[PDB]
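>
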Amino acid sequence: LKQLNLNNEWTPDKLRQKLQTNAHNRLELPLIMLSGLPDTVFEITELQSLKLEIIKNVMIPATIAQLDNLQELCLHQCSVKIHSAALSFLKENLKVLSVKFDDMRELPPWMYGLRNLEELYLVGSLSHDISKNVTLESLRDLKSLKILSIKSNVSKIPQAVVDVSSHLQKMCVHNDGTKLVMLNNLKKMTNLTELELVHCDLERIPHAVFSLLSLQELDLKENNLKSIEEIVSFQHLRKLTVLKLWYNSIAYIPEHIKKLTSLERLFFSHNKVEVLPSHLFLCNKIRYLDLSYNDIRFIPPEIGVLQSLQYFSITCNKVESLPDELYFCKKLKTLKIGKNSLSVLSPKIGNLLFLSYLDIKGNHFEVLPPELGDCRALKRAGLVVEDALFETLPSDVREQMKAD
Amino acid sequence: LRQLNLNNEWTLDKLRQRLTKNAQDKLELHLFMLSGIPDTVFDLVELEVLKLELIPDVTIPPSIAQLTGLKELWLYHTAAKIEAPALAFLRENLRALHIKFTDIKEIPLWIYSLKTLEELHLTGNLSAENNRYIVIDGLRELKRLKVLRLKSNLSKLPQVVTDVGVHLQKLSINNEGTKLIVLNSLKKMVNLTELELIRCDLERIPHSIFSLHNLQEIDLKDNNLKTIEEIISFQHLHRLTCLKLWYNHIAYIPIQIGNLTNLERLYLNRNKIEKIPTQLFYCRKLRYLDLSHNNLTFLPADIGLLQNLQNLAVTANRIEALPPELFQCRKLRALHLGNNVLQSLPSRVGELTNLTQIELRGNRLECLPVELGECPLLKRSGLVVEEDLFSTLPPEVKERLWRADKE
């Protein structure tokens, strides 16, 4: 009767109306607070992704074998059941999974019988007895898993991750005020490439990250890094190009940055840095450097060494002096110096040919020079400023600038 | 009582707001578990497609003459009982008829008496004892037939369809993985224009495909052809401009396709092409090119030759860097570049003006260049990308894009 009512309520035309796209460019069916899953949903065979939100007491029949085009499944706060042919087909076909476990049993135990699964989004919450979740440590049956994002209050990294380290590549964890401990389980990461830890309350960068020899990127988001003294072993991460240590508390930057020069992306926005050293800009391979909403007193001239830089953000600083050597670096595509204590925009600014973005918003300026026409890639949108600074171009320069 | 009750609760007004449109932009209405056709349905005069789907043994009344615009009927598991005046009205008006059935008795015998019928679609297995290609012997009465889709899992094309093929212009066969015994028996349908062998699992091209001279569009969808080797003989097909070889095990493209210079809509997607070669770009007439879900090593420079290219689709293929020769062409309109390993998008996209949509979600895209704002036709719906990467753009150009979007 429940199946008959499910098929009667939702016609396929209503499902055509419900058809939409998602965050991964798949055909999504958003099903919200339903009594069950209709067979009319499975009658659609062009479907690429299923979204089931708080549809509990639901048993997946063999009829999902109709739709071969599935790649993503969103099983959100719903206790789902299974059938043998469904196990076989979703072992063969399903690869992307995004579940929310508001309740531990609202996580179903059958995610782990699959092998073709590649992406996993483990949003939700966890209790004190973290290691007892045998549901986590069954991903040994998963062979193709490559994306794992666990938004949960996880204090201890499970031995699950230790087992699945051979093929896993991306971590995204949001503890939200919960301290993360037991970092040997992240030490025995071997083939991992991406690590995004948010609010893990990691006081220091562990030797776990340096045990990783193939980490493409690292995120220490919302982690109270007061000092950075363990960078000496960061040279072992030759694949490390991204260091997004933003909203952090790094008070000063030492010489240890010379250990790794393969670093390319460097986000220290809202950091506690007071003065930059002479030793950041030695690593010329850096292209993507962020100091947004910091409080740097001034910029020393050694910035001239960073030629391959394409992004230099120091916005909302206390910087009163920009020396002309950053204007000498012409490969600097983005350069954000907004809301600093600077005085006058540089007249010889047209020398920067490849200057795509110059965020200098809220800076105390007086009059724009006429050489913005010499700048090939700077716009009013790019040079975001207060409007009384926009009104300053000569009339012929307005004629040449309204036509770019 | 059932008919009158069905007239009552399903009144004409809610049915009027029930009206919808198809891919042909024709007014439909889907009737789904109805006892019969309500008279309120037949009262409608603007109807174009009437969908009698799963209507149990409904008798069609003469009031179908009220459906003056009626041209399309899709009898999906719905045996239609009809009489002489409704028969005359359908013979003089109705022109397209997609009969889906699961039994020979479900197929009505009057559908072979319609004069003006030109599009006819069958779904359901047709191989049976003492009825193989005999029930459709009335197709000779139908002289206006131009489209004949047979999703019938048939093992061989019927000879009555071959005599029909003198006036048939379109023949699409769906066999669901069953090899159809060609034996070069399609040489009779010299009038055939669109041979779309869907899921035929041929694994080869018979000589009848390039023996007929009238095919413009030849889509061998899921024909499982390992090596695309019969393309040299397609140059005699001056009409051929759409050769969609998708859903196959083509592992390499031989250089010989450079013979076919007339191709425009070469859709070669969802395959294991290791690389499209430079000689593939020898067809400068190529306007629509689909290579999505493929194993390309990269995208070569001779793409600059294809000045007529509008939508190049290499989604979820293996392209690490975008060549500037891609941007040398200015006619690009729909760039399916998402889910790739594009390190960065060059600023030369600012040259593109015809680009009204570009798929940039996923990838290894470091940032979106400001030159994307230089494109006038591009908007937020056109520029599908992640929220943070979109936020990397300056605020005012994003405001410009927003204002051009909403209006």
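As given, the protein sequences belong to chains A and B, one line each in that order. Heads up: the first sequence begins at 400 in full-length UniProt numbering, then just goes up one per residue. Heads up: the second sequence begins at 402 in full-length UniProt numbering, then just goes up one per residue. Cβ coordinates follow ideal geometry from the N, Cα and C atoms, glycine included.
Rounded to whole angstroms, what's the CA-CA distance from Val796(A) to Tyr648(B)? Just pull it up for me.
Taking the first sequence and counting its residues from 1, one reaches residue 796(A) at position 397. Taking the second sequence and counting its residues from 1, one reaches residue 648(B) at position 247. Approximately 56 Å between the Cα atoms of the pair.
> What in chain B is Cβ-close to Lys729(A), meaning under 9 Å?
Numbered from its first residue, the first sequence carries residue 729(A) at position 330. Here the premise fails: no neighbours, minimum Cβ distance about 15 Å.
> Quick one, which of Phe711(A), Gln476(A) and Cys682(A) has its alpha-carbon nearest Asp689(A)'s?
Translated into the one-based positions of the first sequence, residue 689(A) becomes position 290. Per the Cα distances, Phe711(A).
> Under 8 Å, CB to CB, which of the residues in the UniProt repeat "LRR 1" (411 to 422) of chain B have a partner in chain A?
Cβ contacts with chain A: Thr421.
> Please give me, in chain order, every unbroken run of the beta strand (DSSP E) with length at least 3 that falls completely inside the region 601 to 682 of chain A.
You should have 616 to 620, 641 to 643 and 664 to 666.
> Can you name, in chain order, every residue of its own chain whose Cβ lies under 7 Å from the Cβ of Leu767(A), other than the five neighbours on each side?
Position 368 of the first sequence, counted from the first residue, corresponds to residue 767(A). So the list reads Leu744, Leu788, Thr791 and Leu792, once near-sequence residues are dropped.
> Hey, is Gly435(A)'s beta-carbon within less than 8 Å of any beta-carbon in chain B?
Position 36 of the first sequence holds residue 435(A). No, its Cβ sits nowhere closer than 8 Å to a Cβ of chain B.
> Can you look up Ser712(A) in the DSSP assignment and give me helix, strand or coil?
Working through the first sequence from its first residue, we reach residue 712(A) at position 313. It is a strand residue.
> Using the three-state DSSP reduction, which class does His568(B) fall into: helix, strand or coil?
Stepping through the second sequence from its first residue, residue 568(B) is reached at position 167. Here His568(B) sits in coil by DSSP.
> Under the assumption that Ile674(B) contacts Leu697(B) (Cβ atoms under 8 Å), give the Cβ distance between them as a whole number of angstroms.
Indexing the second sequence from 1 puts residue 674(B) at position 273. Indexing the second sequence from 1 puts residue 697(B) at position 296. Sure, about 6 Å apart at Cβ, within 8 Å.
> Should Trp803(B) go down as buried or exposed, given a rule of 16 or more other Cβ atoms within 10 Å for buried?
As a first step, residue 803(B) must be located in the second sequence, where it is residue number 402. When all chains shown are included, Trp803(B) counts as exposed.
> Please list the partners that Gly739(B) has in chain A, where partner means a Cβ-to-Cβ separation under 7 Å.
Position 338 of the second sequence, counted from the first residue, corresponds to residue 739(B). Simply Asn424.
> Going by other Cβ atoms of all chains shown within 10 Å of its Cβ, with 16 needed for buried, is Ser487(A) buried or exposed?
Here the question's residue 487(A) lines up with position 88 in the first sequence. Its Cβ having fewer than 16 others within 10 Å, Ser487(A) is exposed.
> So, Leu540(B) versus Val561(B), is the Cβ gap smaller than 8 Å?
The sequence position of residue 540(B) within the second sequence is 139, counting from 1. The sequence position of residue 561(B) within the second sequence is 160, counting from 1. Taking 8 Å as the Cβ cut-off, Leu540(B) and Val561(B) qualify as a contacting pair.
> Which residue comes first and which comes last in the beta strand (DSSP E) that contains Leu667(B)?
As a first step, residue 667(B) must be located in the second sequence, where it is residue number 266. Looking at the DSSP string, the run of the beta strand (DSSP E) that includes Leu667(B) is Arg666 to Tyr668.
> Quick check on the DSSP output: the beta strand (DSSP E) that includes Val498(A) runs from which residue to which?
In the first sequence, the residue the question calls residue 498(A) occupies position 99. Unbroken beta strand (DSSP E) run through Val498(A): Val495 to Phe500.
> Which of the residues in the UniProt repeat "LRR 16" (754 to 776) of chain B, read from start to end, lie with their CB under 9 Å from any CB of chain A?
The residues in question are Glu760, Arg762, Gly763, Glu767, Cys768, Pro770, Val771, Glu772, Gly774 and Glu775.
> In whole angstroms, give me the CA-to-CA distance for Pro795(B) and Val608(A).
Residue numbering aside, residue 795(B) sits at position 394 when the second sequence is read from its first letter. Residue numbering aside, residue 608(A) sits at position 209 when the first sequence is read from its first letter. The straight-line gap from Cα to Cα measures roughly 34 Å.
> Could you give the C-beta distance for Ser755(A) and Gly737(A), rounded to a whole number, given that I count them as a contact under 8 Å?
Reading the first sequence from its first residue, position 356 is the one you call residue 755(A). Reading the first sequence from its first residue, position 338 is the one you call residue 737(A). So it is not a contact: roughly 15 Å between Cβ atoms.
> Rounded to the nearest angstrom, what separates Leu519(A) and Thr439(A) at their Cα positions?
Walking along the first sequence from the start, residue 519(A) turns up at place 120. Walking along the first sequence from the start, residue 439(A) turns up at place 40. Whole-angstrom Cα-Cα distance: 27 Å.
> What residue range is occupied by the uninterrupted beta strand (DSSP E) comprising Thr524(B)?
Walking along the second sequence from the start, residue 524(B) turns up at place 123. Looking at the DSSP string, the run of the beta strand (DSSP E) that includes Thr524(B) is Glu520 to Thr524.
> Please say whether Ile632(B) and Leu661(B) have beta carbons closer to each other than 8 Å?
Numbered from 1 along the second sequence, position 260 holds the residue referred to as residue 661(B). Numbered from 1 along the second sequence, position 231 holds the residue referred to as residue 632(B). Cβ distance < 8 Å, so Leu661(B) and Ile632(B) count as in contact.
> Considering only DSSP beta bridges, list what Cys473(A) is partnered with.
For the purposes of this step, residue 473(A) is taken as the residue at position 74 of the first sequence. Its beta-bridge partners are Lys450(A) and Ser497(A).
> Name the residue from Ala717(B), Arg734(B) and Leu700(B) whose alpha carbon lies nearest to the alpha carbon of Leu723(B).
In the second sequence, counting from the first residue as 1, residue 723(B) sits at position 322. It is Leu700(B) whose Cα lies nearest to the Cα of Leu723(B).
> Who are the near neighbours of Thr421(B) in its chain, counting only those whose CB is closer than 6 Å to its CB and skipping five residues on each side?
One-based indexing of the second sequence puts residue 421(B) at position 20. Counting only Cβ-Cβ distances below 6 Å, and skipping sequence neighbours, we find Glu429.
> What's the gap between the Cα of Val561(A) and the Cα of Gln568(A)?
In the first sequence, the residue the question calls residue 561(A) occupies position 162. In the first sequence, the residue the question calls residue 568(A) occupies position 169. Whole-angstrom Cα-Cα distance: 12 Å.
> With 8 Å as the threshold, decide whether the Cβ of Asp773(A) is near any Cβ in chain B.
Residue numbering aside, residue 773(A) sits at position 374 when the first sequence is read from its first letter. Judged by the 8 Å Cβ criterion, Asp773(A) is not in contact with chain B.
> With a Cβ-Cβ cutoff of 8 Å, do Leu453(B) and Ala481(B) count as a contact?
Translated into the one-based positions of the second sequence, residue 453(B) becomes position 52. Translated into the one-based positions of the second sequence, residue 481(B) becomes position 80. Contact flag set, yes.
> Can you find a CB in chain C that lies within less than 8 Å of the CB of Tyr756(A)?
No chain C appears in this structure, whose protein chains are A and B.
> Taking the straight line between their C-alpha atoms, what separation do you get for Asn404(A) and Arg801(B)?
Within the first sequence, residue 404(A) is the residue found at index 5, counting from 1. Within the second sequence, residue 801(B) is the residue found at index 400, counting from 1. If you take the alpha carbons of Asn404(A) and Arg801(B), they lie about 49 Å apart.
> For chain A, check one thing: does any of its Cβ atoms lie closer than 8 Å to the Cβ of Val798(B)?
Taking the first residue of the second sequence as 1, we reach residue 798(B) at position 397. Interface residue, yes.
> Measuring straight from C-alpha to C-alpha, what distance separates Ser677(A) and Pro699(A)?
The sequence position of residue 677(A) within the first sequence is 278, counting from 1. The sequence position of residue 699(A) within the first sequence is 300, counting from 1. Between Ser677(A) and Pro699(A), the C-alpha separation is close to 8 Å.
> With contact counted as at least three CB pairs below 8 Å, one residue from each stretch, are the region 747 to 765 of chain B and the region 776 to 783 of chain B in contact?
Enough Cβ pairs lie closer than 8 Å, so yes.
> Could you spell out where the alpha helix (DSSP H) holding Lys586(A) opens and where it closes?
As a first step, residue 586(A) must be located in the first sequence, where it is residue number 187. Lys586(A) -> alpha helix (DSSP H) spans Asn583 to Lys586.
> Helix, strand or coil, according to DSSP, for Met800(A) in the structure here?
Position 401 of the first sequence, counting from 1, holds the residue named residue 800(A). Here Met800(A) sits in helix by DSSP.
> Given a cut-off of 8 Å, decide if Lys729(A) and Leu708(A) are closer than it, judged by their beta-carbon atoms.
Position 309 of the first sequence, counted from the start, is the residue given in the question as residue 708(A). Position 330 of the first sequence, counted from the start, is the residue given in the question as residue 729(A). Result no, Cβ atoms of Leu708(A) and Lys729(A) do not sit closer than 8 Å.
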